[PDB]
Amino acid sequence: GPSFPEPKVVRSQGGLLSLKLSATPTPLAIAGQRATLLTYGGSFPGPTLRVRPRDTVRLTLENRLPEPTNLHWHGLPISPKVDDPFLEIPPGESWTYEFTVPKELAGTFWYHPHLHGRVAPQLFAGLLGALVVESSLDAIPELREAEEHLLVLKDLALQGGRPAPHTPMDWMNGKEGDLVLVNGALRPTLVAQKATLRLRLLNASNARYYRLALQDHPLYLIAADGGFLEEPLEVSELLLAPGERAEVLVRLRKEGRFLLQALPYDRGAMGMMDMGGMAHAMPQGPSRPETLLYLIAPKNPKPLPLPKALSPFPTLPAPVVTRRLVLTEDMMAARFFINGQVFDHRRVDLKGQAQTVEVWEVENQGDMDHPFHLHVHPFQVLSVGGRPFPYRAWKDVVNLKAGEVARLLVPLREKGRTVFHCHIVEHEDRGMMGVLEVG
């Protein structure tokens, strides 16, 4: 096929995307080896759903797993009665998700399981796929003429032809795998045909971070998790935490082969050592560098000019409340807390008013990085670690290094009960999740 593997795309037809997926154990060829993964739609990653604003999505999920499951429409500002984090689909049963794509929306989103206590093994085993909301902005020449690709970054570890099981240390750190894949392929080659590439990036890993850098090139950030920036932002590298998305333009500068790498990054994962007294926890330190793909530039590349503007960011009403949410850890117990409590699905932690704006101050008092995710209500990151954010865009995951405070501007949209949690999904499964009720 193409030298660059990408998930099959399913497009809405006449304003309707109607599709039956099955979550199923699936024999696959993966990275040169045969393995049985848990997949949506028979593939790893699952199919990319491509829709436009105001489309109707009608997705029937058939559960062919031996355990219950559900879907989280990660990043979509839809009703928590559709994107229902408490729903359980029993083995053999089906459930239809039906919603309308919001009118003021664009970007790369994704879908994956969200059944508390079972997310990490199900996501690690292969249950994920992308959703793209196309925009009228995609027609401006500087983007229309770019070569577009989706990059699903997800790692894996195999044992006996199946996803490796979680160890106790995996529940503490979040599980990372040795197979560092792009769209399920090991170090694919992207042979560019145009000098400007538009790359949609998705970190669908349980816990691995991707400190992205393209050899000899900057990246031009044009979209964050849930929407466009106001104008492109030049960066030398781009850290993508679990659950985050971005879209970048790449302007190929000369002929040649350029590595896209995940550079060394220390997220605070911990090991154990015994040096006499002991045993006690010790930092794992930075990740080893990984090559994600090989990028081959065309002959005599002449990249397009960058767009001068993208989409203006909405002016938000003045906020009506400030919240403080402190993250802490008990690493040796693999227990994780928000304001000193673990998740309880019966307990409402925050009560807010629809169509008001809130300021959320999320403080990481742990030693690990924690990527904080809020369902249903995209937010504007004002600052992290006391540094102002260099752009305005909708996000739904924000990474906090040890000790850092993020200040978020959170407009409350749809009414109902939803959740916020760490998107190191092992930590969510082990308690680092709370309940927000909007009325």
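For every residue, the number given is its place in the sequence shown, counted from 1.
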On mean Cα temperature factor in this entry, is 73-81 or 188-196 the higher one? 188-196
Mind pulling up the entry and telling me whether 245-253 or 98-106 has the higher mean Cα temperature factor? 98-106
Can you tell me which of 226, 286, 218, 90 has the highest Cα temperature factor in the record? 286
Highest CA B factor of 240, 331, 207, 259, as deposited, is found at 331
Binned into thirds over the chain's modelled residues, the C-alpha B-factor of residue 230 lands in the middle
Against its chain's modelled residues, does residue 322's Cα B factor rank lowest, middle or highest third? middle
Lowest, middle or highest third: where is residue 67 by C-alpha B factor in its chain? highest
How does the C-alpha B factor of residue 24 compare with the rest of the chain: lowest, middle or highest third? middle
Considering only modelled residues of the same chain, in which third does the CA B-factor of residue 402 rank: lowest, middle or highest? middle
